[PDB]
Number of protein chains: 2
Amino acid sequence: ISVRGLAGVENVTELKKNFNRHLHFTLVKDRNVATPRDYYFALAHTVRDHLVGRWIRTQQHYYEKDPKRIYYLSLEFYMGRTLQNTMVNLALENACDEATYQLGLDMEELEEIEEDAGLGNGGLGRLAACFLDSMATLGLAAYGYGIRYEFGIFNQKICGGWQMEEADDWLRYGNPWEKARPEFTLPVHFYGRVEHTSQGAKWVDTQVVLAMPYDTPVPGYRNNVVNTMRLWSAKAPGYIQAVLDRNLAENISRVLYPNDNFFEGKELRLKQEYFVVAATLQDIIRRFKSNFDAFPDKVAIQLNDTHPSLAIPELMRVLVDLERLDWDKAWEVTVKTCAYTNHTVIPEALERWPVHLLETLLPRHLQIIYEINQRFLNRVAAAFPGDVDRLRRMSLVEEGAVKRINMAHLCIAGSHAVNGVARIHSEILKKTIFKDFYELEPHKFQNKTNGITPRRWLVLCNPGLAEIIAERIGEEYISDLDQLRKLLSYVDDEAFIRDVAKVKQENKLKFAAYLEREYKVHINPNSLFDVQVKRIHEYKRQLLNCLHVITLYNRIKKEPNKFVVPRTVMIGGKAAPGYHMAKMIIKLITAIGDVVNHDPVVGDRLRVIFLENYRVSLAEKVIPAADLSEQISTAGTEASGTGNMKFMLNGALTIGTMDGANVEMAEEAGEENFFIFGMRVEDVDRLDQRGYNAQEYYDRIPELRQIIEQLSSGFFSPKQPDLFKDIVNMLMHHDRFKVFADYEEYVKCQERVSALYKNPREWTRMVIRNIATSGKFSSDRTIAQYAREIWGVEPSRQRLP
Amino acid sequence: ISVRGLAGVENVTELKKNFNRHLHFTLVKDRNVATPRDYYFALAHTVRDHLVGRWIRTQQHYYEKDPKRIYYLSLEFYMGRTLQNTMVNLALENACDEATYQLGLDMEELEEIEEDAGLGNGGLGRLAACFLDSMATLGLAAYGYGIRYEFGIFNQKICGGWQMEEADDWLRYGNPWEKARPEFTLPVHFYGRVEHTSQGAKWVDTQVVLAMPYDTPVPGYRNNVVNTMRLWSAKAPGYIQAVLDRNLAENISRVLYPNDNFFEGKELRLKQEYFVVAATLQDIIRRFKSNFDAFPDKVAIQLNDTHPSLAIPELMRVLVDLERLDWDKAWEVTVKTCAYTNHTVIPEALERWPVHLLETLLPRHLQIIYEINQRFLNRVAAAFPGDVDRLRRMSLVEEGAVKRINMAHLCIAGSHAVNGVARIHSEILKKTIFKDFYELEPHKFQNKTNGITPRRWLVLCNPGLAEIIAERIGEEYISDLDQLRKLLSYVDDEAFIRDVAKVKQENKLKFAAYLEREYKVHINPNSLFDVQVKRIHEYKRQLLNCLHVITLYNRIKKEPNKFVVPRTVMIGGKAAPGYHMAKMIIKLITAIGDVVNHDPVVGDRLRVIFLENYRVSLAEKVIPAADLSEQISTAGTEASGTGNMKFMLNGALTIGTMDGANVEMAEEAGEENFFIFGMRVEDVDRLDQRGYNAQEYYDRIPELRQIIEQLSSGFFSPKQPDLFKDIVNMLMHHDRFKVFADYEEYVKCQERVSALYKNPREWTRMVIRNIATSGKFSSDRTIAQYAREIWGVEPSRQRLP
Ligand SMILES: *Cc1c(COP(=O)(O)O)cnc(C)c1O
Ligand SMILES: *Cc1c(COP(=O)(O)O)cnc(C)c1O
C-alpha cells in the first residue's frame with residue numbers, strides 16, 4: 001500500500017536497531033523471555049522517539065514566532081490507540097512494518113496489544129480528539145487541555161445478555177506516549193471563604209489539590225508539526241489515616257463519569273471541571289506573561305460544552321483578584337478570549353449547579369457569577385426595556401426549590417462566539433433554545449458543522465479504500481478531503497466499481513475473522529452488514545431498529561419460502577451505569593438474537609448480534625466493514641453526529657432521519673443517494689402540539705401490534721415473561737421519542753435498502769457517490785472555520801523543517 | 001581520588017553522549033529549559049544503562065548454573081540513594097565526574113537531587129539494605145523481597161522545636177532504578193473461609209489483592225554481579241464508588257508503619273505482612289518448578305524478624321492444600337527452608353496477633369498454626385514428660401483476655417536456624433528469652449553479629465578516608481575489610497597521623513557547610529563533634545545525653561573562667577508518631593539548645609543542635625564528620641546496633657555501655673581504645689532484683705538534683721514552666737531504663753573524652769587503632785557466615801565476564 005510510505009533500507013536498519021535497543025535497555029528483556037506485549041512496547045518506544053525532535057522544534061518555533069495560541073478545554077479526549085496513528089502521520093508505517101517483519105514479527109498483531117486511551121464517552125470526546133489531530137495538521141499553535149482519568153470509559157462486558165461494567169485500567173502496563181511533568185505541577189484551590197479587604201477580595205482558608213501535567217504529542221499529517229495535549233492528574237499537597245486520606249483529593253482525576261448526554265450534579269464532577277479550568281488557566285496566564293490589553297490577541301479559550309465553563313469566572317477571578325484589573329476591562333478581555341460550543345438541545349443534558357453547592361465549593365466564583373449576571377441582565381433591560389420575562393428567561397440564575405446557575409447561560413454571556421455543531425442545530429439555537437440571547441447579540445451565534453479526521457478515519461482504519469482512491473487521484477486528498485469529489489468521475493469506471501466492492505468485502509472478511517478470533521462469534525460474510533454503533537440512548541432509537549429486526553423475523557416466519565436479502569444486524573454501544581432503560585434495551589437486543597439466531601427456519605438469513613465494548617478501536621474495525629449505516633435518531637434530537645460521517649467516508653450507505661448532520665450529508669451527496677425516512681422536525685412539532693398517542697399506531701398497524709404482544713407476552717423472555725414490561729409501557733405511554741410514529745416509514749425504507757443491495761452494481765455506484773461527497777465532513781474543514789471565524793488565526797498546511 | 005576509578009577518554013565520551021541522548025529522548029528537554037533536576041535524571045538514566053547488561057547476564061547465569069537460591073524476606077529495605085552507590089560498584093565515579101564536569105555540571109550537586117529510598121525505620125531496615133549489597137558482592141543468587149511503600153519513613157520537620165510528620169513522597173519525580181513488571185503480577189487472598197472436602201481443605205470466598213512486582217538492580221562490588229530486589233505493590237483486581245473503593249485494597253502498600261521497636265497490632269500491618277509473604281512464596285514455588293524433596297536444597301527463606309513469619313504456615317498451606325504433600329513431609333521441607341533472625345528482647349516489640357483477627361483475615365493459616373502448635377508441643381511433651389509449665393511457656397498460643405499467637409514462637413518452631421544479631425544478644429536468647437526452645441533444640445540457635453557495608457559506609461560516604469587507607473594498603477580491603485588491620489602498623493607513622501586528622505577536619509568543614517547551606521545553622525568547626533543519631537527511644541537514652549549536656553552547661557556557669565574543650569553536641573533521629581515521650585524528648589533537646597545556644601557566657605564553647613530528618617543520606621554526611629560516637633543504651637537493651645559500627649569505620653571514638661555489638665567492638669580494638677562506662681547487664685539485673693529507686697540517685701548527687709529542678713521549675717520552658725513534668729516524673733518514678741543509675745559514670749567518662757581530645761596526637765592514634773580493627777563489622781563477614789552456617793552455600797568474590 002503506497003499511502004503507507006517508503007521502507008527505506010537505512011530507515012529499516014535504524015528502526016530494527018532501536019527496536020532491539022529498547023527491548024534490552026528500556027524493557028530489560030531478551031528474546032528468550034520477550035512476549036508480544038514486550039514487542040509492542042519496544043516498537044512503541046521506537047516510534048515515540050521519532051516524535052521528540054519535531055515535538056521540541058515545534059514548541060520552540062511557536063515561542064520564536066509568537067502566534068496567537070488556541071486552548072481547547074475539554075473534559076474528554078477520546079483518543080483511541082496511538083501507535084498506528086503516529087506511524088501514519090510520520091510516514092513510518094511501511095518501514096516499521098518491514099522492520100518488524102524482518103525481526104519475525106507481525107506488526108498488526110502488536111498493534112492489537114495497545115490499550116485505547118478511552119478518556120471520552122462518545123461524540124463530544126471524539127470530536128476533541130479529531131480536532132487535536134486537525135489543529136496539528138493545520139499548523140495551529142493549539143493546546144489540548146483536559147484531565148488524565150486513571151480510568152476512562154468502563155470496559156463493557158455482556159454477561160447473560162446484560163451489560164456489566166469493569167474498570168478500564170488503561171495505564172496498567174504504562175503509557176509510552178505521555179511525558180509526566182511533575183516539575184510543572186500547579187495548585188488548585190477548593191472550598192474556603194472570601195475576605196473583602198482594602199485591596200479587594202481574597203480567597204482564603206482553602207484546601208489544596210495539586211495538578212500534575214502529563215504531556216502527550218499530537219502529530220500533524222506529515223508536516224513535521226507536533227502539538228501538545230496536556231492532561232492534569234490530581235495529587236495531594238492519626239498519621240497513617242492522614243497518609244491514606246490523601247486518596248480523597250487524588251480521587252478527583254480517578255474516573256471519567258460515564259454519562260453521555262445526561263446531567264447528574266455530582267460534586268466530584270464539579271471539582272473535576274474546576275480542577276481542569278484552574279490549572280489550565282494558570283498555564284495560560286503564565287505563558288502569556290512570558291500587558292492584559294493584548295491578552296485576547298494572544299489567547300483563545302474554546303469551551304467544549306459547558307463542562308469547562310468555570311473558566312469564565314475563573315479568568316475574571318484571576319484578572320481582578322490577582323492581577324488587579326478593574327472589572328470592566330477584565331470582562332472585556334474575558335469575553336473576547338472565550339468561545340462556547342453547544343452540543344445538545346436535550347434539557348436533561350444542561351448543567352444547572354445548585355447555588356449552595358457552588359457557594360460551598362467555590363465561594364468566590366459564585367460571587368463573580370452573580371456580578372456577571374447583574375451586569376448582563378442590566379444590558380438586556382437596556383436593550384429591551386420593560387421586558388421582564390425575557391430577564392427571567394435570560395438570567396444565569398434559575399429560581400425554584402433549589403436555586404441553580406445555568407452554565408450555558410454563563411457561557412453565552414461570557415463568550416464572543418457561540419456555535420452549534422451542525423447547520424440544523426445551530427439554526428434552532430438561534431430560533432428556540434437561545435432565541436433571547438440571539439436577539440440581544442445576533443453576531444455571537446455561529447455554526448461549525450462537525451467533522452472527523454480523514455487520517456484515523458480513512459487512511460488508518462481503511463488502508464485498502466485509501467489505496468484505491470490514491471491510485472486514481474493521488475495522496476493530496478488525505479489533508480484536502482474535498483478532492484474526493486474527483487471520484488464522481490468514476491461512477492461508471494468498471495475498475496473502480498470492482499475495487500470499491502473488493503475493498504468492502506475484504507473489510508467484512510476481516511471483521512468476521514475478528515469476531516471469530518476474539519469472541520468465537522460466527523457471522524455470515526455474504527449478508528448485508530446492517531450496523532448501529534453509538535451510545536445506548538432512547539433518542540438514538542436502538543428500539544426502532546429492534547422493532548425492525550423483529551419485523552424481519554416475523555415476516556420470514558410468515559412466508560419462509562420468500563427470498564429476502566440475508567442480513568447480519570449489528571448493534572453496539574455502552575449504556576450509562578444506572579440508566580435502567582438503556583440497559584433493558586441492551587438486554588432486548590441480545591434477547592431478540594437468542595430467538596432469531598436459533599430459529600432453524602431463519603438459519604443464516606437473519607442474525608442479530610450485539611457488539612461488546614464498542615470503543616474507538618472497535619469503531620475502526622467495524623465501520624470499514626459496514627454496508628448499511630443506521631442513523632435513526634428522532635428528528636430534532638441528534639445535534640450533529642460524527643459516526644454517520646465515518647460510515648459515509650468508509651463505503652456504507654446511510655439509512656436515517658433528517659436530523660443533525662444527516663441533513664448536510666444528504667445535501668452533499670444528493671438525497672437520492674441517501675435512504676432518508678420518517679418525520680422531519682416540523683412533523684415532530686405538530687405531533688407534540690396535539691399530543692403523541694402511541695396507541696393510535698398500535699391500533700392501526702397489525703405488524704407492530706404483533707411485536708408489542710410478543711414482547712409483552714414473553715416471547716423474547718420465556719423464563720421471565722414480564723421481563724420487558726417497562727420497555728413496552730414506555731413505548732405505549734411514555735415515549736418522548738415517538739418510536740411508533742416512524743415505524744411504518746422505517747420498515748418501508750429498509751425494504752428499499754434490500755432492493756438496492758440485490759443489485760450489487762448499483763449499490764456500489766451509489767456508494768461511490770457517497771464517498772466522493774464526504775469531503776465536507778473532514779475535521780480539517782471544521783477547524784479551519786473555527787480558526788478564521790472564531791479564533792482569528794489563519795490555518796496552514798506548510799511543512800516545518 | 002584513586003579508589004573512584006579511571007576516567008577513560010572513550011568512556012567519558014560515551015557517557016556524555018548518552019547523557020545528552022537521555023536529556024533529549026527520555027526527558028524531552030533542551031539545555032535552554034533543563035534544570036539541575038533534569039540533569040540529575042539524565043545522569044541517573046545514563047548510569048542505570050550500565051547495570052542492564054550485567055543484570056540480565058547475572059540472572060541468566062543463575063538459571064544456567066542453578067545454585068541454591070536465597071530469599072531474604074523483609075518488610076523494610078532502608079536503601080538510601082542509588083546513584084553514587086551504582087557508580088562506585090561499577091567503577092564509574094571518576095568517569096561520570098569528568099563527563100559531567102566537561103558538560104559544565106557539578107556531579108555532587110546533582111547527587112543531592114536524589115530522594116532517599118527510605119523504606120525502613122532504622123537498624124533492621126538498613127541491615128537488609130547492607131545485606132543485599134554484600135550478598136551481591138559475595139556472588140550469592142540472593143533475592144531481596146519486600147513491599148514497595150508509596151510513602152516510606154515520614155520526612156521529619158522541626159517546628160517550634162517539635163517534630164512534625166510529612167508524607168515522604170519519594171516517587172513524586174519517579175524512580176529511575178526500578179523496573180515495573182506488571183506482567184508478573186500475582187493474586188493475594190484475604191478473608192474468606194475454609195472448605196474441608198474429600199480432597200482436603202480449600203480456601204474459598206476470599207477477596208483478592210493483586211501484587212505487582214517492581215525489580216531494582218543490586219550491584220556487587222566490581223564483580224559484574226547484579227542481583228535483584230523485588231518490591232510488591234498492591235493493585236485492585238454504585239459504579240463511581242466502586243472504582244473509588246479500589247483505593248482500599250491498594251492502601252495495603254501505601255505507607256511504611258513508622259514504629260521502631262514497638263508492636264501495634266493494626267490489621268493493615270498484618271495484611272502488609274501476608275501480602276509480601278504470599279506473593280513472594282508464589283514466586284519461589286514457581287521458580288523452583290522451572291520434586292519437593294529437593295526444595296530445601298534449592299531454596300532458603302530468611303525471615304528478617306517475625307514480620308514475614310506467615311511464610312511458615314503459608315509455605316505449609318501451599319505444599320499441603322495446593323501441592324498435596326502429606327503434612328509431615330511438608331513440615332520437614334518447611335523447617336529446612338526457613339531460618340529466623342531475632343532483633344530485640346524488648347517485650348513490646350514482639351508480635352502477638354489476636355487469634356480472632358487471624359481467624360477472620362486468614363482462616364486457613366490459623367488452622368495450620370494450631371496444627372503446627374499441637375505437634376510441636378507434642379514433641380516438647382515427649383522430650384520433657386510432665387513439664388506442664390514448659391508447655392504453657394513454649395506454646396505458640398498465648399492465653400489471656402484476648403487469645404493471641406506468638407509469632408516468634410511460630411518462627412522458632414518452623415525454622416532450622418534461629419539467630420541473634422550480636423554475641424551478647426544471641427547468648428541471652430539461649431539463656432533467657434528462648435531458654436526453653438534452646439533446651440529442646442540447642443542446634444537451632446546461632447549468632448550472626450551484624451555488619452555494615454564498607455562500600456556505602458566508607459568508600460561512598462568517606463572517599464577521603466578510603467583514599468589515604470588505599471594509599472598505604474591498596475584497594476583490596478574494600479571487599480576484604482579485615483585487611484584494615486594492616487593499619488595498626490601506622491599508629492606511629494607521622495604521615496598517616498597527619499592525614500587521618502586532615503580527612504576528619506575536611507569532613508567536619510563539609511558537614512558545617514551543609515548545615516549552613518540547607519538550614520542556615522552555624523556550628524563551630526573547632527569544637528568536638530559529639531553525635532548521637534538513631535531513632536528516638538527511651539532505651540537509647542537520649543535523655544542521659546541531655547542530662548550530660550545540661551551538666552556541661554551548669555559547670556560552665558559555675559566556673560566561667562575554667563577552660564573546657566569546646567563541643568557541638570548533635571542529636572538526631574525520628575520519634576514514632578504517637579509516642580508522646582519520644583516527642584517530648586525531642587522537644588527537651590531543642591529546649592536545652594534554646595537556653596544553652598543563647599547564653600553569652602557560654603558562647604561557642606557549647607552548642608546543642610537537633611539534626612532534622614535523620615535518614616540514610618544524612619547519616620552519610622554526619623557520621624564521617626563525627627569525633628565522638630554516642631552509643632549509650634542501657635546494658636541489655638540494644639541487641640546489636642549498626643550505627644556504632646559506622647562511626648568506628650569512619651574515624652570517631654566511641655563512648656558507650658557494654659551493650660550489643662559495643663562489646664565486640666571494644667574486644668576487637670581493645671577496651672583501652674573505647675570509652676566504656678556504666679552498668680553491665682549483671683549490674684542492671686541486681687538493681688532489678690532489689691528495685692530501681694531513682695530517688696536515691698537524686699538524693700545523693702547534687703549536680704543531678706540541680707538539673708531535675710531546672711527541668712521541673714521551668715528553667716528550660718519559661719513560657720510553660722510545667723512543660724517537662726512528664727519527663728521528670730518518668731525519670732523519678734517510672735524509668736525502666738535507669739537513666740540516673742549511669743549518670744555519674746557517664747559524666748566522668750565524658751570528662752576523659754575531653755581530656756584525650758585536648759591531645760590531638762593521642763586522639764588520632766586511638767582513632768587509627770579503631771579504624772584498623774573495625775573489619776569484623778563489615779556485612780560481607782556477616783553474610784558469609786549466614787551463607788555457610790545457615791543457608792548452606794559457599795560465598796565467592798569471583799568476577800563474572
Ligand atoms: C465517532 C464515535 C462516536 C459518535 O457516534 P454517533 O453515532 O455520532 O453518536 C461514539 N463513540 C465512538 C467510539 C466513536 O468513535
Ligand atoms: C545505621 C542506621 C540506623 C541504625 O542506628 P543505631 O544507632 O544502631 O540504632 C538507623 N537509622 C539510619 C538512618 C541508619 O543509617
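First listed ligand is number 1; within each ligand, the first listed atom is number 1. Computed from heavy atoms alone, side chains included, the values below leave out hydrogens, waters and symmetry copies. All chains are named by letter (A, B, ...) in the order of the sequence lines, taking the proteins before the strands, and each is independently numbered beginning at 1.
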Is A/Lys540 paired with A/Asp659 through a side-chain N to carboxylate O contact shorter than 4.0 Å?
->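 Salt bridge between A/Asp659 and A/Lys540, a charged N being under 4.0 Å from a carboxylate O: no.
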If you measure from the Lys or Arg side-chain nitrogens to the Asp or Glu carboxylate oxygens, is any gap between A/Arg615 and A/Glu620 under 4.0 Å?
->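 Looking at A/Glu620 together with A/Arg615, the answer is no, because their closest N to O distance does not fall below 4.0 Å.
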Check side-chain contact (heavy atoms from CB on, under 4.5 Å) between B/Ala582 and all other residues, then give those that pass, not counting sequence neighbours.
->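 For B/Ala582 the side-chain contact (heavy atoms from CB on, under 4.5 Å) partners, ignoring immediate neighbours, are B/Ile536, B/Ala575, B/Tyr579.
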With sequence neighbours excluded, tell me which residues meet side-chain contact (heavy atoms from CB on, under 4.5 Å) with A/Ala652.
->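 So A/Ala652 forms a side-chain contact (heavy atoms from CB on, under 4.5 Å) with A/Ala626, A/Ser629, A/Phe647.
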For ligand 1, which of its N or O atoms have a protein N or O partner closer than 3.5 Å, and how long is each gap?
unit_1: ligand 1; atom_1: 7 (O); unit_2: A/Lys534; atom_2: NZ; d: 2.6
unit_1: ligand 1; atom_1: 8 (O); unit_2: A/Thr642; atom_2: N; d: 2.9
unit_1: ligand 1; atom_1: 8 (O); unit_2: A/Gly643; atom_2: N; d: 3.1
unit_1: ligand 1; atom_1: 9 (O); unit_2: A/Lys540; atom_2: NZ; d: 3.2
unit_1: ligand 1; atom_1: 15 (O); unit_2: A/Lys646; atom_2: NZ; d: 2.7

Who pairs with B/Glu115 by salt bridge (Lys or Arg N to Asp or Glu O under 4.0 Å), at least two apart in sequence or on another chain?
->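 Partners of B/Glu115 by the salt bridge (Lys or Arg N to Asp or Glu O under 4.0 Å) criterion come out as none, since no residue qualifies.
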Pi-cation contact, A/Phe154 with A/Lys574 (under 6.0 Å, within 45°) =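 Yes, cation above the ring, under 6.0 Å and within 45°.
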